[PDB]
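Undergrad: Below is the file coords-v5.tsv, with TSV, N, CA, C and O atoms.
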chain	number	residue	atom	x	y	z
O	1	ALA	N	27.34	29.38	69.71
O	1	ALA	CA	28.51	29.97	69.05
O	1	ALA	C	28.41	29.89	67.52
O	1	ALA	O	28.60	28.83	66.92
O	2	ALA	N	28.12	31.02	66.88
O	2	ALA	CA	27.99	31.00	65.42
O	2	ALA	C	29.25	31.49	64.67
O	2	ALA	O	29.69	30.84	63.72
O	3	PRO	N	29.88	32.60	65.11
O	3	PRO	CA	31.11	33.03	64.43
O	3	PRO	C	32.34	32.33	65.03
O	3	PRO	O	32.36	31.96	66.20
O	4	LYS	N	33.38	32.16	64.22
O	4	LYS	CA	34.59	31.51	64.72
O	4	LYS	C	35.86	32.27	64.31
O	4	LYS	O	36.09	32.53	63.12
O	5	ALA	N	36.69	32.63	65.28
O	5	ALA	CA	37.93	33.33	64.94
O	5	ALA	C	39.16	32.42	65.04
O	5	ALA	O	39.20	31.49	65.84
O	6	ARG	N	40.18	32.71	64.25
O	6	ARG	CA	41.38	31.85	64.28
O	6	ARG	C	42.68	32.64	64.04
O	6	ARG	O	42.67	33.74	63.47
O	7	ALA	N	43.80	32.08	64.47
O	7	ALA	CA	45.08	32.77	64.26
O	7	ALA	C	45.73	32.43	62.90
O	7	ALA	O	45.45	31.39	62.30
O	8	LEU	N	46.62	33.30	62.44
O	8	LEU	CA	47.23	33.06	61.12
O	8	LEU	C	48.30	31.96	61.09
O	8	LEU	O	48.64	31.36	62.11
O	9	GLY	N	48.82	31.70	59.90
O	9	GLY	CA	49.84	30.64	59.79
O	9	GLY	C	49.95	30.16	58.34
O	9	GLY	O	49.69	30.91	57.40
O	10	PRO	N	50.35	28.90	58.14
O	10	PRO	CA	50.36	28.36	56.77
O	10	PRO	C	48.93	27.99	56.34
O	10	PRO	O	48.54	28.21	55.19
O	11	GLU	N	48.15	27.45	57.26
O	11	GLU	CA	46.75	27.18	56.95
O	11	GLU	C	45.84	28.41	57.05
O	11	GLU	O	44.61	28.28	57.06
O	12	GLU	N	46.40	29.61	57.22
O	12	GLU	CA	45.60	30.79	56.89
O	12	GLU	C	45.04	30.69	55.45
O	12	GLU	O	44.07	31.35	55.08
O	13	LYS	N	45.68	29.84	54.63
O	13	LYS	CA	45.04	29.42	53.38
O	13	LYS	C	43.67	28.79	53.61
O	13	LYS	O	42.68	29.17	52.99
O	14	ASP	N	43.59	27.81	54.52
O	14	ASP	CA	42.26	27.28	54.87
O	14	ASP	C	41.34	28.39	55.39
O	14	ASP	O	40.16	28.43	55.07
O	15	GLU	N	41.89	29.30	56.19
O	15	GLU	CA	41.09	30.46	56.61
O	15	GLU	C	40.49	31.24	55.44
O	15	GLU	O	39.28	31.41	55.34
O	16	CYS	N	41.35	31.70	54.55
O	16	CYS	CA	40.84	32.53	53.44
O	16	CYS	C	39.84	31.79	52.54
O	16	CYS	O	38.83	32.38	52.15
O	17	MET	N	40.05	30.51	52.22
O	17	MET	CA	38.98	29.81	51.47
O	17	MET	C	37.81	29.32	52.34
O	17	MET	O	36.72	29.06	51.83
O	18	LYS	N	37.99	29.25	53.66
O	18	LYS	CA	36.85	28.93	54.52
O	18	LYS	C	35.93	30.13	54.70
O	18	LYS	O	34.70	30.02	54.63
O	19	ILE	N	36.50	31.31	54.93
O	19	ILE	CA	35.68	32.52	54.86
O	19	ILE	C	35.20	32.81	53.43
O	19	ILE	O	34.12	33.36	53.22
O	20	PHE	N	36.01	32.47	52.44
O	20	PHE	CA	35.50	32.47	51.06
O	20	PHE	C	34.24	31.58	50.93
O	20	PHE	O	33.32	31.84	50.15
O	21	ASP	N	34.20	30.52	51.73
O	21	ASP	CA	33.01	29.65	51.74
O	21	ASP	C	31.85	30.20	52.57
O	21	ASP	O	30.68	30.03	52.23
O	22	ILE	N	32.16	30.84	53.69
O	22	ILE	CA	31.07	31.48	54.46
O	22	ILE	C	30.54	32.73	53.74
O	22	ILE	O	29.35	32.88	53.47
O	23	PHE	N	31.45	33.65	53.44
O	23	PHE	CA	31.03	34.93	52.85
O	23	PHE	C	30.75	34.89	51.36
O	23	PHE	O	29.91	35.63	50.87
O	24	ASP	N	31.53	34.11	50.62
O	24	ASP	CA	31.48	34.28	49.17
O	24	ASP	C	30.70	33.18	48.44
O	24	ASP	O	30.76	33.06	47.21
O	25	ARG	N	29.98	32.33	49.16
O	25	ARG	CA	29.20	31.30	48.44
O	25	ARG	C	27.87	30.86	49.08
O	25	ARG	O	27.25	29.89	48.65
O	26	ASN	N	27.36	31.62	50.05
O	26	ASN	CA	25.99	31.30	50.50
O	26	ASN	C	25.04	31.78	49.41
O	26	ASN	O	24.20	31.04	48.90
O	27	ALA	N	25.20	33.04	49.03
O	27	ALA	CA	24.73	33.46	47.71
O	27	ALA	C	25.32	34.80	47.30
O	27	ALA	O	24.69	35.85	47.41
O	28	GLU	N	26.54	34.75	46.82
O	28	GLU	CA	27.19	35.99	46.39
O	28	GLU	C	28.26	35.72	45.34
O	28	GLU	O	28.20	36.22	44.22
O	29	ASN	N	29.22	34.88	45.70
O	29	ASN	CA	30.39	34.70	44.81
O	29	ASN	C	31.11	36.01	44.47
O	29	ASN	O	31.96	36.06	43.58
O	30	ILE	N	30.78	37.07	45.19
O	30	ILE	CA	31.44	38.36	45.00
O	30	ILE	C	31.32	39.16	46.31
O	30	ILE	O	30.29	39.77	46.60
O	31	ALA	N	32.38	39.16	47.12
O	31	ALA	CA	32.30	39.84	48.42
O	31	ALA	C	32.89	41.26	48.36
O	31	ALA	O	34.05	41.43	48.01
O	32	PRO	N	32.16	42.29	48.77
O	32	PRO	CA	32.65	43.65	48.54
O	32	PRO	C	33.56	44.13	49.69
O	32	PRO	O	33.90	43.38	50.61
O	33	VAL	N	33.97	45.39	49.63
O	33	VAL	CA	34.76	45.97	50.76
O	33	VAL	C	34.14	45.71	52.14
O	33	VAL	O	34.83	45.27	53.06
O	34	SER	N	32.87	46.04	52.30
O	34	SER	CA	32.23	45.81	53.61
O	34	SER	C	32.37	44.37	54.10
O	34	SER	O	32.62	44.10	55.28
O	35	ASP	N	32.21	43.42	53.18
O	35	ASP	CA	32.50	42.03	53.52
O	35	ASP	C	33.96	41.85	54.00
O	35	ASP	O	34.20	41.22	55.02
O	36	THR	N	34.93	42.47	53.32
O	36	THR	CA	36.31	42.43	53.82
O	36	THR	C	36.47	43.00	55.25
O	36	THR	O	37.32	42.55	56.02
O	37	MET	N	35.64	43.98	55.61
O	37	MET	CA	35.70	44.51	56.98
O	37	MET	C	35.23	43.49	58.01
O	37	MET	O	35.95	43.16	58.96
O	38	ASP	N	34.01	42.99	57.84
O	38	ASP	CA	33.57	41.88	58.70
O	38	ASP	C	34.52	40.68	58.65
O	38	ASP	O	34.83	40.05	59.66
O	39	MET	N	35.01	40.38	57.45
O	39	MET	CA	35.94	39.27	57.30
O	39	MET	C	37.20	39.41	58.17
O	39	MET	O	37.40	38.66	59.12
O	40	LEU	N	38.04	40.38	57.84
O	40	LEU	CA	39.29	40.50	58.61
O	40	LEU	C	39.10	40.90	60.08
O	40	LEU	O	39.95	40.59	60.92
O	41	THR	N	37.97	41.51	60.44
O	41	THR	CA	37.74	41.79	61.86
O	41	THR	C	37.38	40.53	62.67
O	41	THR	O	38.01	40.22	63.68
O	42	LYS	N	36.36	39.79	62.22
O	42	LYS	CA	35.90	38.65	63.03
O	42	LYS	C	36.48	37.27	62.67
O	42	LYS	O	36.52	36.37	63.51
O	43	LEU	N	36.91	37.05	61.42
O	43	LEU	CA	37.52	35.76	61.11
O	43	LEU	C	38.90	35.61	61.77
O	43	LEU	O	39.32	34.50	62.11
O	44	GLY	N	39.62	36.72	61.96
O	44	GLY	CA	40.92	36.61	62.63
O	44	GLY	C	41.20	37.90	63.39
O	44	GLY	O	40.82	38.07	64.55
O	45	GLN	N	41.88	38.83	62.73
O	45	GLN	CA	42.14	40.12	63.38
O	45	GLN	C	42.63	41.17	62.37
O	45	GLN	O	41.91	42.10	62.02
O	46	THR	N	43.86	41.01	61.90
O	46	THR	CA	44.43	42.02	61.01
O	46	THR	C	45.65	41.44	60.20
O	46	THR	O	45.93	40.24	60.31
O	47	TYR	N	46.40	42.22	59.38
O	47	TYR	CA	47.73	41.71	58.99
O	47	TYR	C	48.84	42.67	59.49
O	47	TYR	O	48.91	42.97	60.68
O	48	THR	N	49.71	43.14	58.60
O	48	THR	CA	50.78	44.06	59.04
O	48	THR	C	51.15	45.07	57.95
O	48	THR	O	51.21	44.75	56.77
O	49	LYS	N	51.40	46.31	58.37
O	49	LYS	CA	51.83	47.34	57.40
O	49	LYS	C	50.68	47.88	56.51
O	49	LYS	O	49.51	47.54	56.69
O	50	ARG	N	51.03	48.74	55.55
O	50	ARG	CA	50.00	49.35	54.71
O	50	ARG	C	49.58	48.53	53.47
O	50	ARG	O	48.59	48.84	52.81
O	51	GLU	N	50.32	47.47	53.15
O	51	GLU	CA	49.98	46.70	51.95
O	51	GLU	C	48.86	45.67	52.19
O	51	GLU	O	48.08	45.34	51.29
O	52	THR	N	48.74	45.14	53.40
O	52	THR	CA	47.51	44.41	53.71
O	52	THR	C	46.30	45.38	53.75
O	52	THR	O	45.17	45.03	53.42
O	53	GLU	N	46.55	46.62	54.15
O	53	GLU	CA	45.56	47.68	53.87
O	53	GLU	C	45.20	47.71	52.37
O	53	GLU	O	44.07	48.00	51.98
O	54	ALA	N	46.20	47.47	51.53
O	54	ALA	CA	45.93	47.22	50.10
O	54	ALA	C	44.88	46.13	49.91
O	54	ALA	O	43.96	46.29	49.11
O	55	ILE	N	45.04	44.99	50.59
O	55	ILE	CA	43.93	44.00	50.61
O	55	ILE	C	42.58	44.72	50.76
O	55	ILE	O	41.69	44.66	49.91
O	56	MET	N	42.48	45.44	51.88
O	56	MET	CA	41.20	46.05	52.25
O	56	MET	C	40.68	47.11	51.27
O	56	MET	O	39.49	47.19	50.99
O	57	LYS	N	41.59	47.91	50.74
O	57	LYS	CA	41.16	48.94	49.78
O	57	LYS	C	40.98	48.41	48.35
O	57	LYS	O	40.04	48.78	47.64
O	58	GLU	N	41.89	47.54	47.90
O	58	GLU	CA	41.77	47.00	46.54
O	58	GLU	C	40.56	46.07	46.32
O	58	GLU	O	40.07	45.92	45.20
O	59	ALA	N	40.08	45.43	47.39
O	59	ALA	CA	38.88	44.60	47.26
O	59	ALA	C	37.75	45.28	46.49
O	59	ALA	O	37.25	44.77	45.49
O	60	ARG	N	37.33	46.45	46.97
O	60	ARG	CA	36.42	47.27	46.13
O	60	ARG	C	37.09	47.66	44.80
O	60	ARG	O	37.03	46.90	43.84
O	61	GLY	N	37.72	48.83	44.71
O	61	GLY	CA	38.25	49.20	43.41
O	61	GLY	C	38.53	50.71	43.32
O	61	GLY	O	38.64	51.39	44.34
O	62	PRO	N	38.63	51.24	42.10
O	62	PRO	CA	38.89	52.68	41.97
O	62	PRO	C	37.60	53.51	42.06
O	62	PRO	O	37.53	54.52	42.75
O	63	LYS	N	36.56	53.08	41.33
O	63	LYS	CA	35.29	53.83	41.41
O	63	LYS	C	34.35	53.23	42.47
O	63	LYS	O	33.81	53.94	43.32
O	64	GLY	N	34.16	51.92	42.43
O	64	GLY	CA	33.33	51.29	43.46
O	64	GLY	C	31.82	51.45	43.22
O	64	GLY	O	31.07	51.80	44.14
O	65	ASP	N	31.36	51.16	42.01
O	65	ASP	CA	29.91	51.14	41.79
O	65	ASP	C	29.34	49.80	42.26
O	65	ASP	O	28.43	49.74	43.09
O	66	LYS	N	29.90	48.73	41.73
O	66	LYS	CA	29.54	47.40	42.25
O	66	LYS	C	30.72	46.44	42.16
O	66	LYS	O	30.60	45.30	41.71
O	67	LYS	N	31.89	46.89	42.62
O	67	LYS	CA	33.07	46.03	42.55
O	67	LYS	C	33.23	45.19	43.82
O	67	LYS	O	33.20	45.69	44.95
O	68	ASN	N	33.39	43.90	43.61
O	68	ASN	CA	33.48	42.98	44.75
O	68	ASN	C	34.51	41.90	44.46
O	68	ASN	O	34.88	41.65	43.31
O	69	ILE	N	34.97	41.23	45.50
O	69	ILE	CA	35.95	40.18	45.27
O	69	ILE	C	35.34	38.79	45.25
O	69	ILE	O	34.93	38.21	46.26
O	70	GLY	N	35.30	38.27	44.05
O	70	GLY	CA	34.59	37.00	43.82
O	70	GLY	C	35.49	35.77	43.86
O	70	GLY	O	36.53	35.76	44.51
O	71	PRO	N	35.03	34.69	43.18
O	71	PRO	CA	35.63	33.35	43.35
O	71	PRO	C	37.11	33.31	43.77
O	71	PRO	O	37.47	32.66	44.75
O	72	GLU	N	37.96	33.96	43.01
O	72	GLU	CA	39.40	33.82	43.27
O	72	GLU	C	40.09	35.00	43.99
O	72	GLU	O	40.97	34.78	44.83
O	73	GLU	N	39.73	36.25	43.66
O	73	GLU	CA	40.50	37.40	44.16
O	73	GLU	C	40.86	37.36	45.65
O	73	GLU	O	41.99	37.68	46.04
O	74	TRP	N	39.92	36.94	46.48
O	74	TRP	CA	40.20	36.96	47.92
O	74	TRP	C	41.22	35.89	48.39
O	74	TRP	O	42.09	36.18	49.22
O	75	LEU	N	41.24	34.71	47.77
O	75	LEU	CA	42.35	33.77	48.04
O	75	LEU	C	43.62	34.07	47.22
O	75	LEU	O	44.72	33.72	47.64
O	76	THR	N	43.51	34.68	46.03
O	76	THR	CA	44.76	34.96	45.31
O	76	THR	C	45.57	36.06	45.98
O	76	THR	O	46.78	35.91	46.18
O	77	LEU	N	44.94	37.17	46.38
O	77	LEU	CA	45.68	38.10	47.24
O	77	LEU	C	46.00	37.47	48.60
O	77	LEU	O	47.09	37.66	49.12
O	78	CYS	N	45.11	36.65	49.18
O	78	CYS	CA	45.49	35.99	50.44
O	78	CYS	C	46.72	35.08	50.28
O	78	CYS	O	47.59	35.02	51.15
O	79	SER	N	46.81	34.37	49.16
O	79	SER	CA	48.00	33.54	48.92
O	79	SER	C	49.28	34.36	48.68
O	79	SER	O	50.35	34.03	49.18
O	80	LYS	N	49.17	35.45	47.91
O	80	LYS	CA	50.33	36.34	47.76
O	80	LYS	C	50.66	37.13	49.04
O	80	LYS	O	51.81	37.43	49.34
O	81	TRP	N	49.62	37.47	49.78
O	81	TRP	CA	49.82	38.15	51.07
O	81	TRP	C	50.59	37.29	52.08
O	81	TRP	O	51.48	37.77	52.78
O	82	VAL	N	50.26	36.01	52.15
O	82	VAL	CA	50.96	35.14	53.11
O	82	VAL	C	52.26	34.52	52.54
O	82	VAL	O	53.34	34.71	53.09
O	83	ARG	N	52.15	33.78	51.44
O	83	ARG	CA	53.35	33.13	50.89
O	83	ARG	C	54.06	33.96	49.80
O	83	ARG	O	55.28	33.94	49.69
O	84	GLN	N	53.28	34.67	48.98
O	84	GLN	CA	53.87	35.46	47.89
O	84	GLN	C	54.09	34.61	46.63
O	84	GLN	O	54.92	33.70	46.59
O	85	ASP	N	53.33	34.91	45.58
O	85	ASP	CA	53.49	34.16	44.33
O	85	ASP	C	54.10	35.03	43.23
O	85	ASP	O	53.41	35.53	42.34
O	86	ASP	N	55.41	35.24	43.30
O	86	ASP	CA	56.07	36.05	42.26
O	86	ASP	C	57.17	35.26	41.55
O	86	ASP	O	58.14	34.84	42.22
Could the structure of this file be written out as structure tokens, please?
TA:
Amino acid sequence: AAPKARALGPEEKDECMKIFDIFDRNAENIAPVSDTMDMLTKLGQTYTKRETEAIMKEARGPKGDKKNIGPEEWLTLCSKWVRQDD
């Protein structure tokens, strides 16, 4: 058993920085849209509505030459997505 899936919650924070540790630090520190696809598909499942789709689309960017979500972006939107930091 190499991949591991889990359900959401308050420690979905541990999820987002744990996949940040699998995907974003073996050697990348910048995970692109495609990484977000493997991420949200196999690390858990999905979120809700079109704004978590914002997660998925904003990860890349407007042009998308080499835009990726590095050290913080994936947990900062994950923290606002779950708890909301406004």
Undergrad: Restricting the calculation to all atoms listed in the file: of O:75, O:16, O:2, O:33, which residue gets closest to residue 57 in chain O?
TA: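 Of the candidates, the smallest distance to residue 57 in chain O is held by O:33.
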Undergrad: Once 8 Å is added on each side, what are the centre and the three edge lengths, in Å to one decimal, of the axis-aligned box enclosing the listed atoms of range 18-26 of chain O? Present them as lines of an AutoDock Vina configuration file.
TA:
center_x = 31.1
center_y = 32.3
center_z = 51.1
size_x = 29.8
size_y = 22.7
size_z = 23.7
Undergrad: Got a sec to tell me which of chain O DSSP assigns to helix (DSSP H, G or I), as a ChimeraX atom specification?
TA: /O:12-23,33-43,49-60,73-82
Undergrad: What separation in Å, quoted to one decimal, exists between CA of residue 68 in chain O and CA of residue 52 in chain O?
TA: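 For CA of residue 68 in chain O relative to CA of residue 52 in chain O, the distance reads 16.7 Å.
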Undergrad: Quick one: everything within 12 Å of residue 21 in chain O, counting only C-alpha atoms, minus sequence neighbours fewer than 6 positions away in the same chain. Send it as a PyMOL selection string.
TA: chain O and resi 14-15+27-31+39+70-72+74-75
Undergrad: In Å, with one decimal, what is the gap from CA of residue 67 in chain O to CA of residue 32 in chain O?
TA: 6.5 Å
Undergrad: Quick check, in Å to one decimal: how far apart do atom C of residue 69 in chain O and CA of residue 38 in chain O lie?
TA: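 Distance reported for this atom pair: 13.9 Å.
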Undergrad: From the options O:65, O:42, O:23, O:55, which residue's atoms come nearest to residue 77 in chain O, counting all atoms listed in the file?
TA: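 Smallest separation from residue 77 in chain O among the options: O:55.
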Undergrad: Counting only C-alpha atoms, which residue out of O:46, O:12, O:18, O:5 sits closest to residue 80 in chain O?
TA: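 Among the listed residues, O:12 lies closest to residue 80 in chain O.
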Undergrad: Which residues are near residue 7 in chain O? Cut-off 8 Å, all atoms listed in the file, ignore same chain within fewer than 3 positions. Put them as a list in words.
TA: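 The neighbour list is residues 4, 10, 11, 12, 13, 15, 43, 44 and 45 of chain O.
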Undergrad: I'd like the neighbourhood of residue 48 in chain O as a JSON list (two decimals) with N, CA, C and O atoms, in the frame of the given file, where a residue qualifies if any of its atoms comes within 12 Å (using only C-alpha atoms), though same-chain residues fewer than 6 positions away should be ignored.
TA:
[["chain", "number", "residue", "atom", "x", "y", "z"],
["O", 8, "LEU", "N", 46.62, 33.30, 62.44],
["O", 8, "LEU", "CA", 47.23, 33.06, 61.12],
["O", 8, "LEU", "C", 48.30, 31.96, 61.09],
["O", 8, "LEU", "O", 48.64, 31.36, 62.11],
["O", 54, "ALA", "N", 46.20, 47.47, 51.53],
["O", 54, "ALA", "CA", 45.93, 47.22, 50.10],
["O", 54, "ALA", "C", 44.88, 46.13, 49.91],
["O", 54, "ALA", "O", 43.96, 46.29, 49.11],
["O", 55, "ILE", "N", 45.04, 44.99, 50.59],
["O", 55, "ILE", "CA", 43.93, 44.00, 50.61],
["O", 55, "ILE", "C", 42.58, 44.72, 50.76],
["O", 55, "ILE", "O", 41.69, 44.66, 49.91],
["O", 56, "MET", "N", 42.48, 45.44, 51.88],
["O", 56, "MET", "CA", 41.20, 46.05, 52.25],
["O", 56, "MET", "C", 40.68, 47.11, 51.27],
["O", 56, "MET", "O", 39.49, 47.19, 50.99],
["O", 81, "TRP", "N", 49.62, 37.47, 49.78],
["O", 81, "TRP", "CA", 49.82, 38.15, 51.07],
["O", 81, "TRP", "C", 50.59, 37.29, 52.08],
["O", 81, "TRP", "O", 51.48, 37.77, 52.78],
["O", 82, "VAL", "N", 50.26, 36.01, 52.15],
["O", 82, "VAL", "CA", 50.96, 35.14, 53.11],
["O", 82, "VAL", "C", 52.26, 34.52, 52.54],
["O", 82, "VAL", "O", 53.34, 34.71, 53.09]]
Undergrad: Determine the nearest neighbour of residue 40 in chain O from the options O:1, O:25, O:76, O:53, counting only C-alpha atoms.
TA: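 Closest to residue 40 in chain O, using only C-alpha atoms: O:53.
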